Amino acid sequence: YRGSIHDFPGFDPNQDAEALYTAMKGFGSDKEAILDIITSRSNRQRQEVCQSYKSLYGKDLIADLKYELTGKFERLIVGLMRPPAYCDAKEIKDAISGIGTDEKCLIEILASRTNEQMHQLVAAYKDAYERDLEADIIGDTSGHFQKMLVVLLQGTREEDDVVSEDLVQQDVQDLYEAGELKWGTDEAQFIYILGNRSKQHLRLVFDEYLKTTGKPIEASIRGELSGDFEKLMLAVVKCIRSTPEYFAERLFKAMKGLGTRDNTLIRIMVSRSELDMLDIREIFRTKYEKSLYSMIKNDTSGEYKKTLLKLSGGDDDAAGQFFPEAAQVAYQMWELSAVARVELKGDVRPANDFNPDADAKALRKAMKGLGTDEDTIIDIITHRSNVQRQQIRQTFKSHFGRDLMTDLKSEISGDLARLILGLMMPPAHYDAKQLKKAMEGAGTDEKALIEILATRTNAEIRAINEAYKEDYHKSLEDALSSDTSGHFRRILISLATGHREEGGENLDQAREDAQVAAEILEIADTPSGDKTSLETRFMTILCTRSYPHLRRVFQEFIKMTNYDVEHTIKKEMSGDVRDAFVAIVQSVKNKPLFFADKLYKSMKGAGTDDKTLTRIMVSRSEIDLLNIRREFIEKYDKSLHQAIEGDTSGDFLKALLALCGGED
Ligand SMILES: [Ca+2]
Ligand SMILES: [Ca+2]
Ligand SMILES: [Ca+2]
Ligand SMILES: [Ca+2]
Ligand SMILES: [Ca+2]
């Protein structure tokens, strides 16, 4: 059983009907009591309580509940009192009701329900509103989208069993030629393969595709379809592979940032409460490093909150090892990171017809005088590669006998100046400066230290070292030594050597590495007391092993000690040490995703971490910023463009957009 709401307690409907009637007596009502009663009884039990409440007081419990309760709490409670099928039927009903259509709700349900759930959905809709749900959906939908919904609606997907190795091989071929191999995608073929084959088969097919092709099936889909249809197809894919991970995602997006998408929050927490909430919880904590529970807590309030938390659970015997579903998703994130062929692309490309003489002039004319023309500067610099900017710098000083850097630092100011000068600096020097500004001054800007050092490559590090010695007349190691100390200094200096192995995998050694990991974390038995960590062995592995090899270690680690390394590190480790290793891990797992996260974080909450924003935007400008934006939009349901637009203003907002890739 993977449902959160315990499979029944040992009740009697009559005692609850009396307890609930009681809670609703007098002025007001005992919300805590109603909440505690209804959220600790399974749905079946709740149907009986309804039956009892009816025979004892001759009334409708739900009606009485709608009377005493209001708002989110009302909705949620009542939502919990209706049978699953009747539940889905009103969500779809309401999704279709009104002029606007909630396509997100439609997708989530039609993409996640099994053949049987589908049948009971249709049947309940027929009884509740006395109407055909298929005609209603066709009446509110259009195109390939409506086609796929209608197919999913039939509830006739092949059963899981007879695995035709050959048919799997065939569907991979058909899917590859219907997509990757042509401009656009054969929608029809995808609607047929993904809508009829069993979930079992489709999984086997997605794996063969990823292995046979250098990419996941989704990579061939994303950006090759259009509108709601793309979103829909992407959702059946995620559901086939893992519906619990899908809901884990939908849950995260409903609480993204300012505000909540309550209705969705209600739909999921309730509908999945007796199916796979526990699985959802596990996956959620592996992809968001923050309880489903914690986020439900910090984004809701009152008895409404109370209930949601109940429907989830968030302390049932601490963390504990993975269950099948989550272990697969975890294992697969690594597999993917390990074998996927990905094109790393930046957003700033060399300008064509590049004329340094023309730019150098324009830049000067834009500054020459009392005023100062920001647009010319911003528009020129942001749209010119770094290599091209150095040329402009040489040409500028040759034409006017004055340094372009010095003039710019004079004509512009604020966040813009930090961003413009930043672009103007050669890469190895820019990071050297940032490293310099994280140690220079009182205290240490740890975050910026980890970011740079757990992220840059050997070639980049060797360069940063020289760039550093040349600009500040000192080595990077020693500069590190002064500003920091303890374990943090050690890991920071190891990484900064830029000697990390660049060699291939190696199974045997991976298992040995993971073993020390298992030890570093798992410390039960008599040494139950957290004996912290196990030697410098762990640090050497995370700091000096090759990325391809680490992905192996982390994969074997999961096979072995049933946890994910990132999880356990947060366990036995803390502060700058915990954070340094986690950054390392995330860097090898999905570097682009790591920068996306940091961006989200820098504009999340109260104000803006203007420094982190530009550091990333500048240094990733010509590497993987496009990949970054792809990840960003995927995980945060919002484009990088929109985020920047709502967190910054002025010319800074101007220069930032001009640097950022194509909206999204
Ligand atoms: Ca009352
Ligand atoms: Ca929110
Ligand atoms: Ca001026
Ligand atoms: Ca300092
Ligand atoms: Ca903000």
# chains A, B, ... in the order shown; residues from 1 in each chain; ligands from 1
$ residues_around --residues "stretch 555-564 of chain A" --least-positions-apart "2" --cutoff "8 Å" --atoms "only C-alpha atoms" --output "number ranges by chain"
A: 286, 320-322, 327, 330-331, 334-335, 510-511, 514-515, 517-518, 522, 551-553, 566-568
$ residues_near_ligand --ligand "ligand 5" --cutoff "9 Å" --atoms "only C-alpha atoms and all ligand atoms" --output "NGL selection string"
:A and (601-609 or 643 or 646-648)
$ residues_near_ligand --ligand "ligand 3" --cutoff "6 Å" --atoms "only C-alpha atoms and all ligand atoms" --output "compact mmCIF listing (two decimals) with C-alpha atoms, in the first residue's frame"
# COMPACT_ATOMS: atom_id res chain seq x y z
CA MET A 367 29.71 58.31 -24.07
CA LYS A 368 31.44 61.36 -25.52
CA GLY A 369 29.95 64.34 -23.73
CA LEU A 370 27.92 65.16 -20.66
CA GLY A 371 25.11 62.74 -21.35
CA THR A 372 25.48 58.99 -21.82
CA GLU A 411 29.58 56.60 -18.02
$ closest_residue --among "A:166, A:262, A:158, A:207" --to "ligand 2" --atoms "only C-alpha atoms and all ligand atoms"
A:262
$ closest_residue --among "A:233, A:152, A:191, A:105" --to "residue A:247" --atoms "only C-alpha atoms"
A:105
$ decode --residues "stretch 594-614 of chain A" --atoms "N, CA, C and O atoms" --output "short mmCIF file (atom, residue, chain, number, x, y, z; two decimals), in the first residue's frame"
data_model
loop_
_atom_site.label_atom_id
_atom_site.label_comp_id
_atom_site.auth_asym_id
_atom_site.auth_seq_id
_atom_site.Cartn_x
_atom_site.Cartn_y
_atom_site.Cartn_z
N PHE A 594 21.47 23.09 -12.40
CA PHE A 594 22.02 23.74 -11.22
C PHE A 594 21.99 25.28 -11.38
O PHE A 594 21.59 25.99 -10.45
N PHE A 595 22.40 25.79 -12.55
CA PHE A 595 22.39 27.23 -12.77
C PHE A 595 20.95 27.78 -12.83
O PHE A 595 20.70 28.92 -12.39
N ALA A 596 20.02 26.97 -13.35
CA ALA A 596 18.62 27.39 -13.43
C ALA A 596 18.11 27.63 -12.01
O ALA A 596 17.53 28.69 -11.71
N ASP A 597 18.34 26.64 -11.14
CA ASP A 597 17.93 26.72 -9.74
C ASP A 597 18.48 27.99 -9.09
O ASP A 597 17.73 28.78 -8.51
N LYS A 598 19.79 28.19 -9.20
CA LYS A 598 20.40 29.37 -8.61
C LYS A 598 19.76 30.66 -9.10
O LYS A 598 19.64 31.63 -8.35
N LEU A 599 19.35 30.67 -10.36
CA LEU A 599 18.70 31.85 -10.89
C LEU A 599 17.34 32.00 -10.21
O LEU A 599 16.98 33.07 -9.71
N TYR A 600 16.58 30.91 -10.17
CA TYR A 600 15.27 31.00 -9.53
C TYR A 600 15.41 31.54 -8.12
O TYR A 600 14.67 32.42 -7.71
N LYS A 601 16.38 31.02 -7.39
CA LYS A 601 16.63 31.42 -6.02
C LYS A 601 16.99 32.89 -5.85
O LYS A 601 16.57 33.52 -4.89
N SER A 602 17.74 33.45 -6.79
CA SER A 602 18.18 34.84 -6.71
C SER A 602 17.09 35.87 -6.91
O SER A 602 17.28 37.05 -6.59
N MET A 603 15.94 35.46 -7.44
CA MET A 603 14.82 36.37 -7.68
C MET A 603 13.58 35.93 -6.91
O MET A 603 12.50 36.45 -7.14
N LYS A 604 13.74 34.96 -6.02
CA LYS A 604 12.62 34.40 -5.26
C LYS A 604 12.47 35.02 -3.88
O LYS A 604 13.45 35.13 -3.14
N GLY A 605 11.26 35.41 -3.53
CA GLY A 605 11.04 35.98 -2.21
C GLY A 605 10.88 37.48 -2.16
O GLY A 605 10.07 38.05 -2.89
N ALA A 606 11.64 38.13 -1.28
CA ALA A 606 11.57 39.57 -1.10
C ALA A 606 12.17 40.41 -2.22
O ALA A 606 11.46 40.88 -3.11
N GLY A 607 13.49 40.59 -2.18
CA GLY A 607 14.15 41.39 -3.20
C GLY A 607 14.88 40.55 -4.23
O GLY A 607 14.44 39.45 -4.56
N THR A 608 16.00 41.06 -4.73
CA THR A 608 16.78 40.33 -5.73
C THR A 608 18.24 40.22 -5.34
O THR A 608 18.83 41.14 -4.80
N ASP A 609 18.82 39.06 -5.63
CA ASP A 609 20.22 38.84 -5.36
C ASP A 609 20.93 39.22 -6.66
O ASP A 609 21.51 38.38 -7.34
N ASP A 610 20.85 40.50 -7.00
CA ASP A 610 21.45 41.06 -8.22
C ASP A 610 22.83 40.51 -8.56
O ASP A 610 23.16 40.39 -9.74
N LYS A 611 23.64 40.19 -7.55
CA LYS A 611 24.98 39.68 -7.81
C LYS A 611 25.00 38.28 -8.44
O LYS A 611 25.74 38.02 -9.40
N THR A 612 24.20 37.39 -7.88
CA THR A 612 24.13 36.01 -8.35
C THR A 612 23.54 35.96 -9.75
O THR A 612 24.04 35.23 -10.62
N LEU A 613 22.51 36.76 -9.97
CA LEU A 613 21.82 36.85 -11.25
C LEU A 613 22.79 37.14 -12.40
O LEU A 613 22.85 36.39 -13.37
N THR A 614 23.55 38.23 -12.27
CA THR A 614 24.50 38.64 -13.31
C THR A 614 25.71 37.72 -13.42
O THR A 614 26.19 37.46 -14.53
#
